[PDB]
Amino acid sequence: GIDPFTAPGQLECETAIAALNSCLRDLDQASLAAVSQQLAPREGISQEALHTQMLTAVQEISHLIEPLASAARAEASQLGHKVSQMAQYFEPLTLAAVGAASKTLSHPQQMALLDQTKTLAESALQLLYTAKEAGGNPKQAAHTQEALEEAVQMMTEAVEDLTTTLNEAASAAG
């Protein structure tokens, strides 16, 4: 949580990066454990509720992704607020995805949303990474301007992607 740049948000992004990085490892180990029956069935949720929890989070993530993109490039004092929101939704997503991983023995939908959550988490990680650089400061982030764009679009891509598996998982995993 250090500011090597010159703005608010640099802190929030790096602190969230630490948390988001942790969920990446959790998800990555989930896919490894679930593929070897080394994972326990969810944390504390049912099958259709997974579709509920994950989808509800993803939507609100995407909801904040756009305002965060705007914030990361300029809104320094606002960026931190977006980061707080983005990071918090990814936690249940991780939990829920790891849940679906070990719990869903229906179809590849299990591994699909497990991986997609991780993909979206990596998308958000790349997002928080670029947001930490550019946060409120377009100057020391000239090339970061480009990557911040790739990241924001990377999220919305994985957003639709995970959402597909989740929404179908109603009958595809239920």
# chains A, B, ... in the order shown; residues from 1 in each chain; ligands from 1
call {"tool": "select_by_dssp", "arguments": {"residues": "segment 8-161 of chain A", "states": "alpha helix (DSSP H)", "output": "ChimeraX atom specification"}}
result
/A:10-34,47-73,76-103,109-134,144-161
call {"tool": "write_last_selection", "arguments": {"atoms": "C-alpha atoms", "output": "CSV table (one decimal), in the first residue's frame"}}
result
chain,number,residue,atom,x,y,z
A,10,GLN,CA,-2.4,4.3,-5.6
A,11,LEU,CA,-2.7,3.0,-2.0
A,12,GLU,CA,-6.2,1.5,-2.5
A,13,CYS,CA,-5.2,-0.3,-5.6
A,14,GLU,CA,-2.1,-1.9,-4.2
A,15,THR,CA,-3.9,-2.9,-1.0
A,16,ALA,CA,-6.7,-4.5,-3.1
A,17,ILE,CA,-4.1,-6.1,-5.3
A,18,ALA,CA,-2.9,-8.0,-2.2
A,19,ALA,CA,-6.4,-9.3,-1.5
A,20,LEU,CA,-7.2,-10.0,-5.2
A,21,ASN,CA,-3.9,-11.8,-5.6
A,22,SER,CA,-4.9,-14.0,-2.7
A,23,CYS,CA,-8.1,-15.0,-4.3
A,24,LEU,CA,-6.3,-15.8,-7.5
A,25,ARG,CA,-4.2,-18.3,-5.6
A,26,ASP,CA,-7.3,-19.7,-3.9
A,27,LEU,CA,-9.1,-20.1,-7.2
A,28,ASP,CA,-6.0,-21.6,-8.9
A,29,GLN,CA,-5.7,-24.2,-6.1
A,30,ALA,CA,-9.4,-24.8,-6.3
A,31,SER,CA,-9.2,-25.9,-9.9
A,32,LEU,CA,-6.2,-28.1,-9.0
A,33,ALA,CA,-7.9,-29.5,-5.9
A,34,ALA,CA,-11.4,-30.1,-7.5
A,47,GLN,CA,-26.3,-24.9,-6.0
A,48,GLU,CA,-28.8,-22.5,-7.5
A,49,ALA,CA,-27.7,-19.9,-4.9
A,50,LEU,CA,-24.3,-20.1,-6.5
A,51,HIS,CA,-25.8,-18.8,-9.7
A,52,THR,CA,-27.5,-16.2,-7.5
A,53,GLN,CA,-24.5,-15.1,-5.6
A,54,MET,CA,-22.0,-15.1,-8.4
A,55,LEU,CA,-24.2,-13.5,-11.1
A,56,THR,CA,-25.4,-10.7,-8.7
A,57,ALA,CA,-21.7,-9.9,-7.8
A,58,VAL,CA,-20.5,-10.0,-11.5
A,59,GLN,CA,-23.2,-7.5,-12.6
A,60,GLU,CA,-22.3,-5.1,-9.8
A,61,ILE,CA,-18.6,-5.6,-10.7
A,62,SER,CA,-19.2,-4.6,-14.3
A,63,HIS,CA,-21.4,-1.8,-13.0
A,64,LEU,CA,-18.4,-0.3,-11.2
A,65,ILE,CA,-15.8,-1.3,-13.8
A,66,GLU,CA,-16.8,1.5,-16.2
A,67,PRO,CA,-16.7,4.2,-13.5
A,68,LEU,CA,-13.4,2.7,-12.2
A,69,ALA,CA,-11.9,3.0,-15.7
A,70,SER,CA,-12.9,6.7,-15.7
A,71,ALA,CA,-11.5,7.0,-12.2
A,72,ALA,CA,-8.2,5.2,-12.7
A,73,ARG,CA,-7.2,7.6,-15.5
A,76,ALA,CA,-8.0,9.9,-8.0
A,77,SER,CA,-10.2,10.5,-5.0
A,78,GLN,CA,-13.0,8.5,-6.6
A,79,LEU,CA,-10.8,5.7,-7.8
A,80,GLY,CA,-10.2,4.4,-4.3
A,81,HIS,CA,-13.9,4.2,-3.8
A,82,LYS,CA,-14.3,2.1,-7.0
A,83,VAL,CA,-11.4,-0.2,-6.0
A,84,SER,CA,-13.1,-0.9,-2.6
A,85,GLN,CA,-16.2,-2.0,-4.4
A,86,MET,CA,-14.5,-4.1,-7.1
A,87,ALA,CA,-12.3,-6.1,-4.7
A,88,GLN,CA,-15.0,-6.9,-2.3
A,89,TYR,CA,-17.3,-8.6,-4.9
A,90,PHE,CA,-14.4,-10.8,-6.1
A,91,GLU,CA,-14.1,-12.4,-2.7
A,92,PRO,CA,-17.6,-14.2,-2.7
A,93,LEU,CA,-17.0,-14.9,-6.4
A,94,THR,CA,-13.9,-16.8,-5.5
A,95,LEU,CA,-15.7,-18.6,-2.6
A,96,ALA,CA,-18.7,-19.3,-4.8
A,97,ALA,CA,-16.6,-20.4,-7.7
A,98,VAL,CA,-14.6,-22.8,-5.5
A,99,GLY,CA,-17.9,-23.9,-4.1
A,100,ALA,CA,-19.3,-24.7,-7.6
A,101,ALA,CA,-16.0,-26.4,-8.4
A,102,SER,CA,-16.2,-29.0,-5.8
A,103,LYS,CA,-20.0,-29.1,-5.6
A,109,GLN,CA,-20.0,-25.8,-16.2
A,110,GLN,CA,-18.2,-26.5,-12.9
A,111,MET,CA,-14.7,-26.0,-14.2
A,112,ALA,CA,-15.9,-23.4,-16.7
A,113,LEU,CA,-17.2,-20.9,-14.1
A,114,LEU,CA,-14.3,-21.8,-11.8
A,115,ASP,CA,-11.8,-20.9,-14.4
A,116,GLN,CA,-13.8,-17.9,-15.7
A,117,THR,CA,-14.0,-16.4,-12.1
A,118,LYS,CA,-10.3,-16.7,-12.0
A,119,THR,CA,-10.0,-15.2,-15.5
A,120,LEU,CA,-12.2,-12.3,-14.3
A,121,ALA,CA,-10.1,-12.1,-11.2
A,122,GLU,CA,-6.9,-11.9,-13.3
A,123,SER,CA,-8.8,-9.3,-15.4
A,124,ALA,CA,-9.5,-7.3,-12.3
A,125,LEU,CA,-5.9,-7.9,-11.1
A,126,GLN,CA,-4.6,-6.5,-14.3
A,127,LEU,CA,-7.2,-3.7,-13.9
A,128,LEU,CA,-6.1,-2.9,-10.3
A,129,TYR,CA,-2.4,-3.1,-11.5
A,130,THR,CA,-3.0,-0.6,-14.2
A,131,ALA,CA,-5.2,1.5,-12.0
A,132,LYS,CA,-2.4,1.7,-9.5
A,133,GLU,CA,-0.1,3.2,-12.1
A,134,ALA,CA,-2.5,5.5,-13.9
A,144,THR,CA,-0.6,2.6,-18.8
A,145,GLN,CA,-3.4,4.5,-20.5
A,146,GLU,CA,-3.5,1.8,-23.2
A,147,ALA,CA,-3.3,-1.2,-20.8
A,148,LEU,CA,-5.9,0.3,-18.6
A,149,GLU,CA,-8.2,0.1,-21.6
A,150,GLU,CA,-7.3,-3.5,-22.4
A,151,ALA,CA,-7.9,-4.4,-18.7
A,152,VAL,CA,-11.4,-2.7,-18.5
A,153,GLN,CA,-12.5,-4.4,-21.7
A,154,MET,CA,-10.9,-7.7,-20.4
A,155,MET,CA,-13.2,-7.6,-17.4
A,156,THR,CA,-16.4,-7.0,-19.3
A,157,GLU,CA,-15.5,-9.9,-21.6
A,158,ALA,CA,-15.0,-12.3,-18.6
A,159,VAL,CA,-18.1,-10.7,-17.1
A,160,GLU,CA,-20.3,-11.9,-20.0
A,161,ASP,CA,-18.3,-15.1,-20.1
call {"tool": "closest_residue", "arguments": {"among": "A:137, A:106, A:171, A:165", "to": "residue 6 of chain A", "atoms": "only C-alpha atoms"}}
result
A:137
call {"tool": "atom_distance", "arguments": {"atom1": "atom CA of residue 170 of chain A", "atom2": "atom CA of residue 38 of chain A"}}
result
24.8 Å
call {"tool": "atom_distance", "arguments": {"atom1": "atom CA of residue 2 of chain A", "atom2": "atom CA of residue 135 of chain A"}}
result
12.7 Å
call {"tool": "atom_distance", "arguments": {"atom1": "atom CA of residue 37 of chain A", "atom2": "atom CA of residue 166 of chain A"}}
result
21.7 Å
call {"tool": "decode", "arguments": {"residues": "segment 98-125 of chain A", "atoms": "N, CA, C and O atoms", "output": "PDB file, in the first residue's frame"}}
result
ATOM      1  N   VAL A  98     -15.196 -21.610  -6.116  1.00  0.00           N
ATOM      2  CA  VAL A  98     -14.576 -22.775  -5.501  1.00  0.00           C
ATOM      3  C   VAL A  98     -15.660 -23.720  -4.986  1.00  0.00           C
ATOM      4  O   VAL A  98     -15.512 -24.945  -5.024  1.00  0.00           O
ATOM      5  N   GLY A  99     -16.760 -23.136  -4.519  1.00  0.00           N
ATOM      6  CA  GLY A  99     -17.914 -23.916  -4.147  1.00  0.00           C
ATOM      7  C   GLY A  99     -18.454 -24.717  -5.311  1.00  0.00           C
ATOM      8  O   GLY A  99     -18.555 -25.939  -5.227  1.00  0.00           O
ATOM      9  N   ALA A 100     -18.773 -24.029  -6.399  1.00  0.00           N
ATOM     10  CA  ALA A 100     -19.283 -24.670  -7.607  1.00  0.00           C
ATOM     11  C   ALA A 100     -18.307 -25.718  -8.126  1.00  0.00           C
ATOM     12  O   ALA A 100     -18.716 -26.767  -8.612  1.00  0.00           O
ATOM     13  N   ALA A 101     -17.017 -25.434  -7.999  1.00  0.00           N
ATOM     14  CA  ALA A 101     -15.974 -26.365  -8.412  1.00  0.00           C
ATOM     15  C   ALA A 101     -16.161 -27.734  -7.785  1.00  0.00           C
ATOM     16  O   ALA A 101     -16.268 -28.741  -8.476  1.00  0.00           O
ATOM     17  N   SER A 102     -16.188 -27.770  -6.473  1.00  0.00           N
ATOM     18  CA  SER A 102     -16.231 -29.034  -5.776  1.00  0.00           C
ATOM     19  C   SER A 102     -17.653 -29.586  -5.693  1.00  0.00           C
ATOM     20  O   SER A 102     -17.853 -30.789  -5.522  1.00  0.00           O
ATOM     21  N   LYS A 103     -18.633 -28.705  -5.809  1.00  0.00           N
ATOM     22  CA  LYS A 103     -20.023 -29.074  -5.578  1.00  0.00           C
ATOM     23  C   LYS A 103     -20.710 -29.519  -6.867  1.00  0.00           C
ATOM     24  O   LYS A 103     -21.466 -30.490  -6.870  1.00  0.00           O
ATOM     25  N   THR A 104     -20.435 -28.822  -7.959  1.00  0.00           N
ATOM     26  CA  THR A 104     -21.066 -29.121  -9.233  1.00  0.00           C
ATOM     27  C   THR A 104     -20.385 -30.301  -9.925  1.00  0.00           C
ATOM     28  O   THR A 104     -19.252 -30.199 -10.391  1.00  0.00           O
ATOM     29  N   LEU A 105     -21.078 -31.430  -9.966  1.00  0.00           N
ATOM     30  CA  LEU A 105     -20.584 -32.606 -10.667  1.00  0.00           C
ATOM     31  C   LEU A 105     -21.508 -32.911 -11.844  1.00  0.00           C
ATOM     32  O   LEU A 105     -21.614 -34.046 -12.310  1.00  0.00           O
ATOM     33  N   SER A 106     -22.166 -31.866 -12.323  1.00  0.00           N
ATOM     34  CA  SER A 106     -23.132 -31.981 -13.400  1.00  0.00           C
ATOM     35  C   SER A 106     -22.446 -32.016 -14.762  1.00  0.00           C
ATOM     36  O   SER A 106     -22.499 -33.018 -15.474  1.00  0.00           O
ATOM     37  N   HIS A 107     -21.798 -30.910 -15.108  1.00  0.00           N
ATOM     38  CA  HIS A 107     -21.231 -30.715 -16.436  1.00  0.00           C
ATOM     39  C   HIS A 107     -19.951 -29.892 -16.315  1.00  0.00           C
ATOM     40  O   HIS A 107     -19.655 -29.384 -15.232  1.00  0.00           O
ATOM     41  N   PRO A 108     -19.180 -29.725 -17.416  1.00  0.00           N
ATOM     42  CA  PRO A 108     -17.968 -28.881 -17.425  1.00  0.00           C
ATOM     43  C   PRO A 108     -18.232 -27.453 -16.940  1.00  0.00           C
ATOM     44  O   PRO A 108     -17.298 -26.686 -16.707  1.00  0.00           O
ATOM     45  N   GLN A 109     -19.513 -27.120 -16.792  1.00  0.00           N
ATOM     46  CA  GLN A 109     -19.954 -25.847 -16.223  1.00  0.00           C
ATOM     47  C   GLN A 109     -19.220 -25.548 -14.914  1.00  0.00           C
ATOM     48  O   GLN A 109     -18.881 -24.400 -14.624  1.00  0.00           O
ATOM     49  N   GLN A 110     -18.969 -26.603 -14.148  1.00  0.00           N
ATOM     50  CA  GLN A 110     -18.243 -26.518 -12.888  1.00  0.00           C
ATOM     51  C   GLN A 110     -16.867 -25.884 -13.083  1.00  0.00           C
ATOM     52  O   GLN A 110     -16.552 -24.860 -12.478  1.00  0.00           O
ATOM     53  N   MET A 111     -16.061 -26.487 -13.948  1.00  0.00           N
ATOM     54  CA  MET A 111     -14.711 -26.003 -14.195  1.00  0.00           C
ATOM     55  C   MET A 111     -14.736 -24.720 -15.005  1.00  0.00           C
ATOM     56  O   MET A 111     -13.854 -23.874 -14.861  1.00  0.00           O
ATOM     57  N   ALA A 112     -15.754 -24.572 -15.844  1.00  0.00           N
ATOM     58  CA  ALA A 112     -15.867 -23.399 -16.691  1.00  0.00           C
ATOM     59  C   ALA A 112     -15.988 -22.133 -15.856  1.00  0.00           C
ATOM     60  O   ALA A 112     -15.178 -21.226 -15.998  1.00  0.00           O
ATOM     61  N   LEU A 113     -16.948 -22.096 -14.938  1.00  0.00           N
ATOM     62  CA  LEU A 113     -17.161 -20.889 -14.146  1.00  0.00           C
ATOM     63  C   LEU A 113     -16.046 -20.729 -13.115  1.00  0.00           C
ATOM     64  O   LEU A 113     -15.698 -19.616 -12.730  1.00  0.00           O
ATOM     65  N   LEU A 114     -15.471 -21.846 -12.692  1.00  0.00           N
ATOM     66  CA  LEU A 114     -14.331 -21.822 -11.781  1.00  0.00           C
ATOM     67  C   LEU A 114     -13.159 -21.095 -12.433  1.00  0.00           C
ATOM     68  O   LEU A 114     -12.546 -20.206 -11.837  1.00  0.00           O
ATOM     69  N   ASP A 115     -12.879 -21.465 -13.672  1.00  0.00           N
ATOM     70  CA  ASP A 115     -11.804 -20.854 -14.441  1.00  0.00           C
ATOM     71  C   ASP A 115     -12.150 -19.421 -14.830  1.00  0.00           C
ATOM     72  O   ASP A 115     -11.314 -18.531 -14.719  1.00  0.00           O
ATOM     73  N   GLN A 116     -13.388 -19.199 -15.258  1.00  0.00           N
ATOM     74  CA  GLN A 116     -13.832 -17.867 -15.671  1.00  0.00           C
ATOM     75  C   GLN A 116     -13.762 -16.867 -14.518  1.00  0.00           C
ATOM     76  O   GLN A 116     -13.390 -15.713 -14.721  1.00  0.00           O
ATOM     77  N   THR A 117     -14.129 -17.302 -13.313  1.00  0.00           N
ATOM     78  CA  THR A 117     -14.023 -16.445 -12.136  1.00  0.00           C
ATOM     79  C   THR A 117     -12.572 -16.032 -11.937  1.00  0.00           C
ATOM     80  O   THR A 117     -12.271 -14.876 -11.646  1.00  0.00           O
ATOM     81  N   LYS A 118     -11.680 -16.989 -12.129  1.00  0.00           N
ATOM     82  CA  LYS A 118     -10.256 -16.744 -12.022  1.00  0.00           C
ATOM     83  C   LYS A 118      -9.783 -15.832 -13.151  1.00  0.00           C
ATOM     84  O   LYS A 118      -8.992 -14.919 -12.929  1.00  0.00           O
ATOM     85  N   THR A 119     -10.282 -16.079 -14.355  1.00  0.00           N
ATOM     86  CA  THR A 119      -9.997 -15.216 -15.496  1.00  0.00           C
ATOM     87  C   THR A 119     -10.437 -13.783 -15.209  1.00  0.00           C
ATOM     88  O   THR A 119      -9.685 -12.834 -15.439  1.00  0.00           O
ATOM     89  N   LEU A 120     -11.649 -13.633 -14.689  1.00  0.00           N
ATOM     90  CA  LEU A 120     -12.175 -12.322 -14.335  1.00  0.00           C
ATOM     91  C   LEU A 120     -11.359 -11.713 -13.201  1.00  0.00           C
ATOM     92  O   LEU A 120     -11.118 -10.507 -13.178  1.00  0.00           O
ATOM     93  N   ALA A 121     -10.926 -12.552 -12.270  1.00  0.00           N
ATOM     94  CA  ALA A 121     -10.083 -12.106 -11.169  1.00  0.00           C
ATOM     95  C   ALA A 121      -8.741 -11.602 -11.688  1.00  0.00           C
ATOM     96  O   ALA A 121      -8.238 -10.581 -11.229  1.00  0.00           O
ATOM     97  N   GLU A 122      -8.169 -12.316 -12.654  1.00  0.00           N
ATOM     98  CA  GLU A 122      -6.937 -11.879 -13.306  1.00  0.00           C
ATOM     99  C   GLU A 122      -7.181 -10.601 -14.093  1.00  0.00           C
ATOM    100  O   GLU A 122      -6.330  -9.711 -14.132  1.00  0.00           O
ATOM    101  N   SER A 123      -8.353 -10.511 -14.709  1.00  0.00           N
ATOM    102  CA  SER A 123      -8.757  -9.309 -15.421  1.00  0.00           C
ATOM    103  C   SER A 123      -8.810  -8.127 -14.460  1.00  0.00           C
ATOM    104  O   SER A 123      -8.307  -7.046 -14.760  1.00  0.00           O
ATOM    105  N   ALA A 124      -9.405  -8.354 -13.292  1.00  0.00           N
ATOM    106  CA  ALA A 124      -9.492  -7.328 -12.263  1.00  0.00           C
ATOM    107  C   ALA A 124      -8.126  -7.031 -11.680  1.00  0.00           C
ATOM    108  O   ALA A 124      -7.839  -5.901 -11.309  1.00  0.00           O
ATOM    109  N   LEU A 125      -7.285  -8.050 -11.584  1.00  0.00           N
ATOM    110  CA  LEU A 125      -5.946  -7.867 -11.058  1.00  0.00           C
ATOM    111  C   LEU A 125      -5.149  -6.982 -12.001  1.00  0.00           C
ATOM    112  O   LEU A 125      -4.522  -6.019 -11.573  1.00  0.00           O
TER     113      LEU A 125
END
